[PDB]
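J.: Please find the sequence and an experimentally derived structure below.
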Amino acid sequence: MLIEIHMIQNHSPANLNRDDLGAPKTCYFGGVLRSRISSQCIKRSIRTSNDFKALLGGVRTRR
Amino acid sequence: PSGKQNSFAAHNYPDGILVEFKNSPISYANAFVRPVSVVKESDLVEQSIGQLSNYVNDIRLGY
Amino acid sequence: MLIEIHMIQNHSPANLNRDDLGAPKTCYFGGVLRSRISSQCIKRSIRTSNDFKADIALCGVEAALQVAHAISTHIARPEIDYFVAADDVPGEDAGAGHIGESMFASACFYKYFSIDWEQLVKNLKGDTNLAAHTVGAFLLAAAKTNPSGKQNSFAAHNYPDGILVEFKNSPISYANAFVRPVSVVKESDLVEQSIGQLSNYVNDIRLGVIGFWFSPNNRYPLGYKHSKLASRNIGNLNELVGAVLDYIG
Amino acid sequence: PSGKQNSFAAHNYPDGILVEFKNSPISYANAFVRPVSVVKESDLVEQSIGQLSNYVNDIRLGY
Amino acid sequence: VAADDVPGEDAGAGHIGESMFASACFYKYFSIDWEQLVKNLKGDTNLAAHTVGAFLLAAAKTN
Amino acid sequence: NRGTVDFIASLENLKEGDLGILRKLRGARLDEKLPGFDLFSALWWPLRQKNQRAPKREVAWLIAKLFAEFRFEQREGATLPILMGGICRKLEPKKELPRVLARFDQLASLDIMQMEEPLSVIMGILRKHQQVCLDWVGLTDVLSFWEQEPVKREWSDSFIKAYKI
Amino acid sequence: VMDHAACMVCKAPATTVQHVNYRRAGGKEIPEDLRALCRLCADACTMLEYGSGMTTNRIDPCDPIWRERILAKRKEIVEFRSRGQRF
Amino acid sequence: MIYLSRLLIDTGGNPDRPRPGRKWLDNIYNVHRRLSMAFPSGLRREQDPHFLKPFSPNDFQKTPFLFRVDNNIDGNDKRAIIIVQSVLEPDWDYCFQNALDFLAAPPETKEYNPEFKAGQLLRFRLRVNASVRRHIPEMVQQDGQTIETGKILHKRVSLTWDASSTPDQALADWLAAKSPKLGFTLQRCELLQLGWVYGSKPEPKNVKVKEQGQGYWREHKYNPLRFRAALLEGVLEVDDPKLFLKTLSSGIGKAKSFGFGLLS
RNA sequence: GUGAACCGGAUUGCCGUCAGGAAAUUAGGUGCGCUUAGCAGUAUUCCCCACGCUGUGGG
Ligand SMILES: [Mg+2]
């Protein structure tokens, strides 16, 4: 059994994600330019969120 | 996301949650294949929710 | 008698078919480069999962399917990505990961299916009404589960919008509708423009059967005239399944 | 002004005149920022001259 | 309009056009820094007083 | 075309008050002020009954607003990607050329209604470089068909051709 | 004269006819889609249509959601119309 | 049951802006129409409060009633007065609910009941038509050579009075002789206004036919109507307070719909 | 049905982390809308029932 969670978020002028050159991420959805936020950034911010601290129990280290 | 929030403190909150329980997930990306162009009445959030609810209608009756 | 499931399928931005170097696969048609998923990929995606299994005479007498390469209705648009895997343990410097590059494409596809008379009757399995039951499963099982791919990082399972099913017996793909890749004009959708191109091709070729048309809550009509180019502008889940069931027998 | 005076004949001569000589220009139009309302006892020329005298005394004393 | 007086032709006028104007009640704000001014003039107190007083007079009496 | 030329010529006939009220309507649709709609109707109605081809209504309204704001003169051969590009050669390629160049490329991915402000900044730097002539008929009939990509690519290649020369 | 030579929203002697449901702009028009309607409020209909989107959906001054805007536009029509400057 | 009231309309002051009330007063058919869709019904009152519906006069209550358009000065302002009264209660919140430009000040409802007994000096004006059926409708004088062709037509032509007098002692004689029928009298009468009043009424017809039903396809037609006016006053002495109330409920003359009504 | 069948390129990823576009500005001077006017008038008032044929019910 699987759960879907959908959001529609309007944001203030911001740069939450950038590529190597520093531009906000863009995708060509439906033939037009759509602003994109990377999935990994959302996953990381939810990982480091202030309520996951009782459950934050994974480390990704080379040291 | 902890991007340039020190320079753009955009901590706005999700103006929509859609949780639906099923064994075949769906993104409402096709709710906005038509780009949302705002009108003089309402706002971008309401027009986006309106197109999303139109899509929810014909995927809750047509699909 | 032959079943042609001409199907449109838009896709939210995600890579589905990957070559050696990881790009979305591409085809050449109409003097332009268009995005492509391989017919083997979508055909295996029709197998290998139990939701469709609710079929071994159809993808094995060999097998009974003609699945075409997903020709995009427009030009290919491959994009690129840039990921950084964090260190999460404080070292003398920051950043640790592979710092690689991924790549993706959003496209609206088309395909064509073929199930003949004896190619479904001699399929048989064990019944003679199975030659209608399996097809009835297929006409919406082909639009049931988008393949697979990098879904854990690029979540895309956009259901299709406009579905054709024809009972014309002469096997012709309508890919010549997309000889000119679909451009975008502001008053219509990309899927709506593609469906208008398909409709414009439909009004041709008949000059030199029926049109069983699927539009969920008929948001997409096959022609903006009372002289409808399909004359069956309806469709709701298994209503079309049962209508093909008693069209065949 | 001799506009449409063949049909109306409004040759109405003057009620009061304020001719001054000073070193900086002023306009008492701001006296009639309050419109002149007719009282049952006096005519509007006398009333307007009273309002003008009020504001003239204002500017003469307060500047 | 601009009307002609010599009757060299039929009863024409000359140049016609338009003018645009308005009338309003205005709000004006000024701010004179003191120690910044006395640093800019380098210790001339009486000329700074001349500046502030003449500014207070010239903002009011001049249009 | 023999229909847009009359529209541009009638726009050049407009006197100071009419284009003043057109100037005051920047970024505003032709509904919230009655005199603006009246002026647009007077400019836009009588050219459909004399010639069979007319521009789009939104293009006409936007072009009238921009014409009132900037007040150029009509001259053949002075389209946007020639004068643009000609001014790009008068630039330092290190820093300012990408700035002005991105300001120009912003136009190529926008719909007709939202281009009022990017066209405003493009014509503002045109006014800063003292440009008097602009082909309003040429701009209008490349803008009324702005949704087909061949004319956009032709406009861009005109910018390329004017830049390499 | 189906509506007795009268307006419909702001009832008064009628002059012209407006068009609703632009499925077809009309070479052949069925008589259950038009709207015989007076000069000032048809001018307000053209107010609302010419501003914002042009599209194919129309005004239909029957369901009372497009009412306040029509009356306000008619008010500024009454206040600001220059008949000597045409229209 | 007198329901005397007033409807002070907004005459303009700029014949460059559109003037709705001034144009509305020029056609008495539409004046009657405007005054008659007031107090509409309670049949569909609970459905909509916004006056946005396809018009049909059948839903409106068909009670005959009266009005009169006049002009007066209150103390300092000219404003044309409309005086109405009817047997049904006033509900002008729907007739002008989207045509507020027709009005100048919100209308006021009064209550009044008459008592005159006999022979007082406290009466008021009157409006009537000068309409008589013709003694000699002479044989339809046609045109082409200024000739006469037709037979007869009983028409309500205007009153052809004498040629050696003026109508302030001719029409005065007329209603002075008419008064003992209706239960009053005239000791003095001087006319104030006289002339013609015009209008236009549309006629639905049917010529064309429809191929799948009856003849819905059909055309338009207009027709004019004219009346002769008389607005006048008098100091009158009612004969009896038992039959003059019927005259105060019907009016001297019965134009009713077209302006000329009862004594006010 | 065929140098063709039947057939995944799969899973792991924050680009992050520092940034006043600031210093200076009279929107300038020229101009008549204007020549002409009774809101009056009996001798058919468009009608429909309807009178000894001009009173009587209204569109
Ligand atoms: Mg109206």
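T.: Sure thing, it's come through. Numbers count the residues shown, from 1 in each chain, chains lettered A, B, ... in the order given.

J.: Only C-alpha atoms from now on, for both contacts and neighbour counts.
T.: Noted.

J.: now what about the longest helix seen in chain F, what contacts it?
T.: Longest helix in chain F by number of residues (criterion: DSSP state H): helix F:149-164. Surrounding helix F:149-164, the residues in contact under the criterion Cα atoms under 8 Å, 6 or more residues apart in numbering or on different chains are C:183, F:81, F:82, F:84, F:85, F:86, F:88, F:89, F:108, F:142, F:145, F:146.

J.: List buried residues within these.
T.: F:81, F:82, F:84, F:85, F:86, F:88, F:142, F:145, F:146 (16 or more other Cα atoms under 10 Å in any protein chain shown).

J.: wait, which of the contacts of helix F:149-164 is closest to residue F:123?
T.: Among the contacts of helix F:149-164, residue F:84 lies closest to residue F:123 (Cα to Cα), at 9.6 Å.

J.: contacting residues for that closest one?
T.: Contacts of residue F:84 (Cα under 8 Å, 6+ apart): F:104, F:126, F:159.

J.: Could you tell me how far stretch H:245-255 lies from the centre of the chain?
T.: How far stretch H:245-255 lies from its chain's middle: 12 Å, per Cα atoms, centre = their mean, to the nearest Å.

J.: Okay, buried residues for it please.
T.: Buried residues in stretch H:245-255 (16+ other Cα under 10 Å): H:245, H:248, H:249, H:250, H:251, H:252, H:253, H:254, H:255.

J.: Distance to residue H:55 and secondary structure added to those residues, as TSV?
T.: Output for those, formatted as TSV (distance: Cα to Cα, whole Å; DSSP: H, G, I helix; E, B strand; the rest coil):
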residue	distance to residue H:55	secondary structure
H:245	35	helix
H:248	32	helix
H:249	29	helix
H:250	28	helix
H:251	30	coil
H:252	32	coil
H:253	30	coil
H:254	27	coil
H:255	25	coil
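
J.: Next, format those residues as JSON lines and append distance to residue D:34.
T.: Below are the buried residues of stretch H:245-255 laid out as JSON lines (distance: Cα to Cα, whole Å):
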{"residue": "H:245", "distance to residue D:34": "54"}
{"residue": "H:248", "distance to residue D:34": "50"}
{"residue": "H:249", "distance to residue D:34": "51"}
{"residue": "H:250", "distance to residue D:34": "52"}
{"residue": "H:251", "distance to residue D:34": "51"}
{"residue": "H:252", "distance to residue D:34": "52"}
{"residue": "H:253", "distance to residue D:34": "53"}
{"residue": "H:254", "distance to residue D:34": "53"}
{"residue": "H:255", "distance to residue D:34": "51"}
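
J.: okay, which residue is most central for chain A?
T.: Nearest to the geometric centre of chain A sits residue A:42, at 2.4 Å (Cα atoms, centre = their mean).

J.: Doesn't that residue belong to a helix?
T.: Yes - counting by DSSP: H, G, I helix; E, B strand; the rest coil, one finds residue A:42 located in a helix.

J.: Report how many residues lie close to residue H:30.
T.: Look at residue H:30: counted by other Cα atoms under 10 Å in any protein chain shown, it has 21 neighbours.

J.: Could you measure from it over to residue H:37?
T.: As judged by Cα to Cα, to the nearest Å, residue H:30 and residue H:37 stand 10 Å apart.

J.: ditto for residue H:208
T.: 31 Å.

J.: Mind checking which of those two has more residues around it?
T.: residue H:37 (20 against 11).

J.: residues touching the more buried one, list them.
T.: Taking Cα under 8 Å, 6+ apart as the criterion, residue H:37 is in contact with H:57, H:60, H:95.

J.: repeat for residue C:71
T.: C:27, C:34, C:35, C:36, C:37, C:109, C:110, C:111, C:175.

J.: try 6 Å this time
T.: Residue C:71 sits next to C:36, C:109, C:110 when contact means Cα atoms under 6 Å, 6 or more residues apart in numbering or on different chains.

J.: so which strand or helix has it?
T.: Per DSSP states H and E: residue C:71 is located in neither a helix nor a strand.

J.: and what of residue F:41?
T.: helix F:34-44.

J.: re the thing from before, which among the contacts of residue C:71 gets closest to chain E?
T.: For the contacts of residue C:71, the residue nearest chain E by Cα to the nearest Cα is residue C:109; the value is 60.4 Å.

J.: quick one: which of the buried residues of stretch H:245-255 is nearest residue A:38?
T.: Set against residue A:38, the nearest of these by Cα to Cα is residue H:255 (82.0 Å).

J.: Near the closest residue to the closest one other than its chain neighbours, how many other residues are there?
T.: Leaving aside its sequence neighbours, residue H:255 sits nearest to residue H:261 (Cα to Cα, 6 or more residues apart in numbering or on different chains; 6.3 Å). By the criterion of other Cα under 10 Å, residue H:261 has 25 neighbours.

J.: I'd guessed residue H:261 sits against residue H:251; true?
T.: Yes - contact criterion Cα atoms under 6 Å: residue H:261 and residue H:251 qualify, at 5.0 Å.

J.: what's the farthest-apart pair in the contacts of helix F:149-164?
T.: Within the contacts of helix F:149-164, C:183 and F:89 form the most distant pair, 32.6 Å apart (Cα to Cα).

J.: Let me know the secondary structure of the residue nearest to residue B:1 when sequence neighbours are not counted.
T.: Spatial nearest neighbour of residue B:1, excluding adjacent residues (Cα to Cα, 6+ apart): residue A:45 at 5.1 Å. When classified by three-state DSSP, residue A:45 comes out as helix.

J.: I'd like to know how far residue A:45 sits from residue F:60.
T.: On the measure of Cα to Cα, residue A:45 and residue F:60 end up 48 Å apart.
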